[PDB]
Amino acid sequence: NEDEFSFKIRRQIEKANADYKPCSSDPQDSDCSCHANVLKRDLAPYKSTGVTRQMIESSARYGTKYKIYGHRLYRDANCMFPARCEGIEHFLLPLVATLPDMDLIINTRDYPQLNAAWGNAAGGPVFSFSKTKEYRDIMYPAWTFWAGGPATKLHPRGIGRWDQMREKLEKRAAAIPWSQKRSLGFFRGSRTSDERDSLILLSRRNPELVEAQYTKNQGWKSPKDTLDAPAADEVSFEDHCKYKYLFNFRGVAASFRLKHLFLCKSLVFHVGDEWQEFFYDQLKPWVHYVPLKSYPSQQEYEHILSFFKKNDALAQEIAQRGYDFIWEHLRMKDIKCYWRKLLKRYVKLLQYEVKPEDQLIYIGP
């Protein structure tokens, strides 16, 4: 029982680590190629036909219209999520001076918009932060890298400032080395997807193995939303780092939780392989984190946590590689250069002349 499980897992680790190749030949990644595969695949469907004015006018309904015209940024007056627009604008505004004219339909909603099982004049292009293979949306680094992530008691202005978060968590990961971390599964979050339930219920049944509780979110409708338990307190990102085994789950789409876990130098257990952000592709299972299939069972959790508790060096090696990957390949510079490379490649697809639109408002700079 325990032995077959161990063979299976160790076999997967060895194979994933034998087959692994760095995302860039040089660790500093000067030509911003680490995440290049994802932007190529997202843009590929437009390579032969390109993007016509009509395609854009048709896609406008699916997001906020942004326009670079004459090195100036314009936008629909109405942004659905102003804080998210501000976060996006932090990255576009410094690139506008050195970018050709283009129209961008940027979806600032959680869920993507271009279902490829519809298609449909769901042809796009539309930019969204998260998607699965079911959607044509082009991924972009989320607003929250600067501003406008979910708002909590500890972060009332929205989770943001990834640059400051990186320093904070680096210092905290150094303060709590592996040996000092509690040997327990940890998760603290709201019930934005029912894939999260089995870990919470396992925690209620075996609190010495897993510490997992539901918080209350702004969409709370009834106590079913915490599986009939009193809402738990928020726990800071820094305090996640006192645990060895940190769980991550999709929410409505991908969760901004994930990136924060790696910087604790804790072992990240990532549940599900469907919902993506632009950097997920180069995070490789068994190299940087422990993958679990969707809707994990309580027994799966018990087996996998037991295995790693008994193979602590292994646990630490994956944790360290996870940490190293995010430290080196999700810098602010990586976020900035991905945006730039994305917009530079996108513009070449345009098969029309961008014209002013006077109903749009001037954003900057």
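Throughout, we count residues from 1 along the sequence that is shown.
Two stretches are in play, 135-143 and 110-118, and the higher mean C-alpha B-factor belongs to 110-118. Judged by mean Cα B factor in the deposited record, 166-174 ranks above the other of 166-174 and 256-264. Highest CA B-factor among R191, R161, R84, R72, as stated in the entry: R72. Highest CA B-factor among the listed residues (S236, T215, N78, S294): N78. In the PDB entry, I56 places in the highest third of its chain by CA B-factor. Looking at the C-alpha B-factors along this chain, the one for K65 belongs to the middle third.
In this PDB entry, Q299 carries a Cα temperature factor that places it within the middle third of its chain's modelled residues. When the modelled residues of the chain are ordered by their C-alpha B factor, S128 lands in the lowest third. Among the modelled residues of the chain, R250 sits in the lowest third by CA temperature factor in this PDB entry.
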